[PDB]
Amino acid sequence: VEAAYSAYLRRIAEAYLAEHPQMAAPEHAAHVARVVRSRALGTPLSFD
Amino acid sequence: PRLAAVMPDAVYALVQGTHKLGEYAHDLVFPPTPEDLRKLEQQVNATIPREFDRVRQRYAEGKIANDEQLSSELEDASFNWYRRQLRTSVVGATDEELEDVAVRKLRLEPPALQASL
């Protein structure tokens with residue numbers, strides 16, 4: 001379960017940072033991680 | 001004759017007559033407003049579509065009709081509004097392309113909540 005879950009977040013992280021290369025800089029080690037955490041559970045819900 | 005036609009007319013007449021008698025019961029106890037009749041005047045005026053405003057001005061300046069020429073004038077206004085609404089149904093409105101029609105009839109967008117307040 002450890003390897004499977006880790007590889008799952010890995011795959012989605014590869015997909016994201018390859019989609020938008022601008023924030024693929026280390027400056028976002030807490031930002032792209034904040035996006036991965038939000039994207040591993042479901043879809044980000046807009047308030048409206 | 002033809003009870004199937006009489007019954008709906010019977011109930012329609014019943015409820016419409018009751019509505020009239022209620023209006024009478026409300027205009028005598030609470031007398032009508034003197035000037036907010038202009039409020040309702042303009043607020044039933046505002047929802048008249050644009051295709052009818054062409055005769056509204058024609059209704060102001062004398063040359064309306066005798067009684068019959070308007071009753072064949074506003075007919076084509078009704079009909080062009082009809083075909084315009086048909087085109088808005090099928091091909092959409094003036095500022096709206098097929099992608100936005102699919103957006104609207106799929107109910108994809110929510111009503112703007114941030115802009116509400």
# chains A, B, ... in the order shown; residues from 1 in each chain; ligands from 1
call {"tool": "residues_around", "arguments": {"residues": "residue A:32", "least_positions_apart": "5", "cutoff": "10 Å", "atoms": "only C-alpha atoms", "output": "list in words"}}
result
residues 13, 16, 17, 23, 24, 25, 26, 27, 37 and 38 of chain A
call {"tool": "interface_residues", "arguments": {"of": "chain B", "to": "chain A", "cutoff": "7 Å", "atoms": "only C-alpha atoms", "output": "list in words"}}
result
residues 110, 112, 113 and 114 of chain B
call {"tool": "write_last_selection", "arguments": {"atoms": "C-alpha atoms", "output": "mmCIF file, in the first residue's frame"}}
result
data_model
loop_
_atom_site.group_PDB
_atom_site.id
_atom_site.type_symbol
_atom_site.label_atom_id
_atom_site.label_comp_id
_atom_site.auth_asym_id
_atom_site.auth_seq_id
_atom_site.Cartn_x
_atom_site.Cartn_y
_atom_site.Cartn_z
ATOM 1 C CA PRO B 110 -23.500 27.759 -11.572
ATOM 2 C CA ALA B 112 -22.515 33.607 -10.004
ATOM 3 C CA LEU B 113 -22.304 33.714 -6.205
ATOM 4 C CA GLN B 114 -19.378 36.121 -5.784
#
call {"tool": "residues_around", "arguments": {"residues": "stretch 73-84 of chain B", "least_positions_apart": "5", "cutoff": "8 Å", "atoms": "only C-alpha atoms", "output": "ChimeraX atom specification"}}
result
/B:51-52,55
call {"tool": "atom_distance", "arguments": {"atom1": "atom CA of residue A:20", "atom2": "atom CA of residue A:39"}}
result
14.6 Å
call {"tool": "atom_distance", "arguments": {"atom1": "atom CA of residue B:34", "atom2": "atom CA of residue B:47"}}
result
22.3 Å
call {"tool": "select_by_dssp", "arguments": {"residues": "stretch 4-62 of chain B", "states": "helix (DSSP H, G or I)", "output": "PyMOL selection string"}}
result
chain B and resi 4-29+36-45+50-60
call {"tool": "write_last_selection", "arguments": {"atoms": "N, CA and C atoms", "output": "CSV table (one decimal), in the first residue's frame"}}
result
chain,number,residue,atom,x,y,z
B,4,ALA,N,-66.5,16.7,-22.3
B,4,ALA,CA,-65.0,16.8,-22.3
B,4,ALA,C,-64.5,18.2,-22.6
B,5,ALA,N,-65.2,19.0,-23.4
B,5,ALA,CA,-64.9,20.4,-23.5
B,5,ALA,C,-65.6,21.3,-22.5
B,6,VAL,N,-66.7,20.9,-22.0
B,6,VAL,CA,-67.5,21.8,-21.1
B,6,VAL,C,-66.8,21.8,-19.7
B,7,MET,N,-66.3,20.7,-19.2
B,7,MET,CA,-65.7,20.7,-17.8
B,7,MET,C,-64.5,21.6,-17.7
B,8,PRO,N,-63.5,21.5,-18.6
B,8,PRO,CA,-62.4,22.5,-18.4
B,8,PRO,C,-62.9,23.9,-18.5
B,9,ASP,N,-63.8,24.3,-19.4
B,9,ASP,CA,-64.3,25.6,-19.4
B,9,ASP,C,-65.1,25.9,-18.1
B,10,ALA,N,-65.8,25.0,-17.6
B,10,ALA,CA,-66.5,25.2,-16.4
B,10,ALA,C,-65.6,25.6,-15.2
B,11,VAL,N,-64.5,24.8,-15.0
B,11,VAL,CA,-63.6,25.1,-13.9
B,11,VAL,C,-62.8,26.4,-14.2
B,12,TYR,N,-62.4,26.6,-15.4
B,12,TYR,CA,-61.8,27.9,-15.8
B,12,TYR,C,-62.6,29.1,-15.4
B,13,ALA,N,-63.9,29.0,-15.9
B,13,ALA,CA,-64.8,30.1,-15.6
B,13,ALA,C,-65.0,30.3,-14.1
B,14,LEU,N,-65.1,29.2,-13.3
B,14,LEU,CA,-65.3,29.2,-11.9
B,14,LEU,C,-64.1,30.0,-11.2
B,15,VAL,N,-62.9,29.6,-11.5
B,15,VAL,CA,-61.7,30.2,-10.8
B,15,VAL,C,-61.5,31.6,-11.3
B,16,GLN,N,-61.8,31.9,-12.6
B,16,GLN,CA,-61.6,33.3,-13.1
B,16,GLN,C,-62.6,34.2,-12.5
B,17,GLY,N,-63.9,33.7,-12.4
B,17,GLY,CA,-64.9,34.5,-11.7
B,17,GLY,C,-64.6,34.8,-10.3
B,18,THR,N,-64.1,33.8,-9.6
B,18,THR,CA,-63.6,33.9,-8.2
B,18,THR,C,-62.5,35.0,-8.1
B,19,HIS,N,-61.6,35.0,-9.1
B,19,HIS,CA,-60.5,36.0,-9.1
B,19,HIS,C,-61.1,37.4,-9.3
B,20,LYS,N,-62.1,37.5,-10.2
B,20,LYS,CA,-62.7,38.8,-10.4
B,20,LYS,C,-63.4,39.3,-9.1
B,21,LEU,N,-64.2,38.4,-8.5
B,21,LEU,CA,-64.9,38.8,-7.3
B,21,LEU,C,-63.9,39.2,-6.1
B,22,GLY,N,-62.7,38.5,-6.1
B,22,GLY,CA,-61.7,38.8,-5.1
B,22,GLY,C,-61.1,40.2,-5.4
B,23,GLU,N,-60.8,40.5,-6.7
B,23,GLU,CA,-60.3,41.8,-7.1
B,23,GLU,C,-61.3,42.9,-6.7
B,24,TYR,N,-62.6,42.6,-6.9
B,24,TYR,CA,-63.6,43.6,-6.4
B,24,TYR,C,-63.6,43.8,-4.9
B,25,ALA,N,-63.6,42.6,-4.2
B,25,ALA,CA,-63.5,42.7,-2.7
B,25,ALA,C,-62.2,43.4,-2.2
B,26,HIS,N,-61.2,43.5,-3.0
B,26,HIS,CA,-60.0,44.2,-2.6
B,26,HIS,C,-59.9,45.6,-3.1
B,27,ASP,N,-60.6,46.0,-4.1
B,27,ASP,CA,-60.6,47.4,-4.6
B,27,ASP,C,-61.5,48.3,-3.8
B,28,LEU,N,-62.6,47.7,-3.1
B,28,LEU,CA,-63.5,48.5,-2.3
B,28,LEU,C,-63.0,48.7,-0.9
B,29,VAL,N,-62.6,47.6,-0.3
B,29,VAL,CA,-62.0,47.7,1.1
B,29,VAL,C,-60.7,48.5,1.0
B,36,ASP,N,-49.1,54.8,-7.9
B,36,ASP,CA,-48.4,53.6,-8.1
B,36,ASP,C,-49.1,52.8,-9.3
B,37,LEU,N,-50.3,53.2,-9.7
B,37,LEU,CA,-50.8,52.7,-11.0
B,37,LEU,C,-49.8,53.0,-12.1
B,38,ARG,N,-49.1,54.1,-12.0
B,38,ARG,CA,-48.0,54.3,-13.0
B,38,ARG,C,-46.8,53.4,-12.8
B,39,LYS,N,-46.5,53.1,-11.5
B,39,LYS,CA,-45.5,52.0,-11.3
B,39,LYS,C,-45.8,50.8,-12.0
B,40,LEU,N,-47.0,50.2,-11.8
B,40,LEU,CA,-47.4,49.0,-12.5
B,40,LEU,C,-47.5,49.3,-14.0
B,41,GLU,N,-48.0,50.5,-14.4
B,41,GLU,CA,-48.0,50.8,-15.8
B,41,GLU,C,-46.6,50.6,-16.4
B,42,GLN,N,-45.6,51.2,-15.9
B,42,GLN,CA,-44.3,51.1,-16.5
B,42,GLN,C,-43.7,49.7,-16.3
B,43,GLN,N,-44.0,49.0,-15.2
B,43,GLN,CA,-43.4,47.7,-15.0
B,43,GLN,C,-44.1,46.6,-15.7
B,44,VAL,N,-45.3,46.9,-16.3
B,44,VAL,CA,-45.8,46.0,-17.3
B,44,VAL,C,-45.4,46.4,-18.7
B,45,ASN,N,-45.0,47.7,-18.8
B,45,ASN,CA,-44.4,48.2,-20.0
B,45,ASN,C,-43.0,47.6,-20.3
B,50,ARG,N,-38.9,43.9,-27.6
B,50,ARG,CA,-38.5,45.0,-28.6
B,50,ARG,C,-39.4,45.0,-29.8
B,51,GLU,N,-39.7,43.8,-30.3
B,51,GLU,CA,-40.5,43.7,-31.6
B,51,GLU,C,-41.9,44.3,-31.5
B,52,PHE,N,-42.3,44.6,-30.3
B,52,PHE,CA,-43.6,45.2,-30.1
B,52,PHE,C,-43.5,46.8,-29.9
B,53,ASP,N,-42.3,47.2,-29.4
B,53,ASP,CA,-42.1,48.7,-29.2
B,53,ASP,C,-42.3,49.4,-30.6
B,54,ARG,N,-42.2,48.8,-31.7
B,54,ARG,CA,-42.3,49.4,-33.0
B,54,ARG,C,-43.8,49.9,-33.2
B,55,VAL,N,-44.7,49.1,-32.6
B,55,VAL,CA,-46.1,49.6,-32.7
B,55,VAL,C,-46.5,50.5,-31.5
B,56,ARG,N,-45.8,50.3,-30.4
B,56,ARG,CA,-46.0,51.2,-29.3
B,56,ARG,C,-45.9,52.7,-29.6
B,57,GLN,N,-44.8,53.0,-30.3
B,57,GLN,CA,-44.6,54.3,-30.8
B,57,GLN,C,-45.7,54.6,-31.9
B,58,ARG,N,-46.0,53.6,-32.8
B,58,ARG,CA,-47.1,53.8,-33.7
B,58,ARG,C,-48.4,53.9,-33.0
B,59,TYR,N,-48.5,53.4,-31.7
B,59,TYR,CA,-49.7,53.6,-30.9
B,59,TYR,C,-49.8,55.0,-30.3
B,60,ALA,N,-48.6,55.7,-30.2
B,60,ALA,CA,-48.6,57.0,-29.6
B,60,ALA,C,-49.1,58.1,-30.6
call {"tool": "atom_distance", "arguments": {"atom1": "atom CA of residue A:6", "atom2": "atom CA of residue A:44"}}
result
20.6 Å
